[PDB]
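To start, the structure under review is shown below, and the notes come after it.
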Amino acid sequence: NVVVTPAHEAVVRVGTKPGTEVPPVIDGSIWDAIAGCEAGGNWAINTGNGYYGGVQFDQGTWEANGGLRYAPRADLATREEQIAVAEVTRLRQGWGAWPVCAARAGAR
């Protein structure tokens, strides 16, 4: 079948501690500079627009990459969690969803 199969699987078994161990991401600098751009550097920001603190992307996209395991909302998760969720998102699109903030942060 030419129909390509992506990783819909997401085991990552957490026990109780939300974010027991999240591997540091070197591009978290781009993620932090984006956060510093769009949020003014506020990962606990909740403007009330449906997009949560830090890199300021929506509940749906957050949930789509499965950020909820880190925290059902980015303003509950920390830098590295917004990084992880955005990591899936950036992985597919690049920084296309991240405007001039990504360019400023180091789009790649």
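Taken together, the values in this text are just the output of simple stated rules run on the coordinates, not laboratory data. Don't worry about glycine lacking a Cβ; one is built from the backbone with ideal geometry, like all the others, and counts go over all protein chains shown.
For the list (1) of a type in the set (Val, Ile, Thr); (2) under 14 Å from the mean Cα position of the chain (by Cα); (3) not in a helix (DSSP H, G or I), I need the number of the one condition that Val85 fails.
Evaluating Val85 over (1) of a type in the set (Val, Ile, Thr); (2) under 14 Å from the mean Cα position of the chain (by Cα); (3) not in a helix (DSSP H, G or I) leaves (3) as the failure.
Restricting attention to the range 88-108, report how many residues are surrounded by fewer than 18 Cβ atoms within 10 Å (Cβ to Cβ), among the aliphatic types (A, V, I, L, M), part of a helix (DSSP H, G or I) and more than 8 Å from the chain's Cα centre (by Cα).
The qualifying residues number 3.
Being surrounded by 15 or more Cβ atoms within 10 Å (Cβ to Cβ), more than 23 Å from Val11 (Cβ to Cβ), within 9 Å of the chain's Cα centre (by Cα) and small (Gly, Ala, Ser) is the requirement here; does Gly54 meet it? Before you say what the answer is, go through the steps one by one.
On the way: surrounded by 15 or more Cβ atoms within 10 Å (Cβ to Cβ): yes; more than 23 Å from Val11 (Cβ to Cβ): yes; within 9 Å of the chain's Cα centre (by Cα): yes; small (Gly, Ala, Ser): yes.
When the stated conditions are applied, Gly54 passes them.
Here is a check on your reading of the model: is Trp62 surrounded by 18 or more Cβ atoms within 10 Å (Cβ to Cβ) and either among the small types (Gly, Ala, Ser) or not in a helix (DSSP H, G or I) (or both)? Give the steps one after another, and end with the answer.
On the way: surrounded by 18 or more Cβ atoms within 10 Å (Cβ to Cβ): yes; either among the small types (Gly, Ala, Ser) or not in a helix (DSSP H, G or I) (or both): no.
Here the answer is no, as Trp62 does not meet what is asked.
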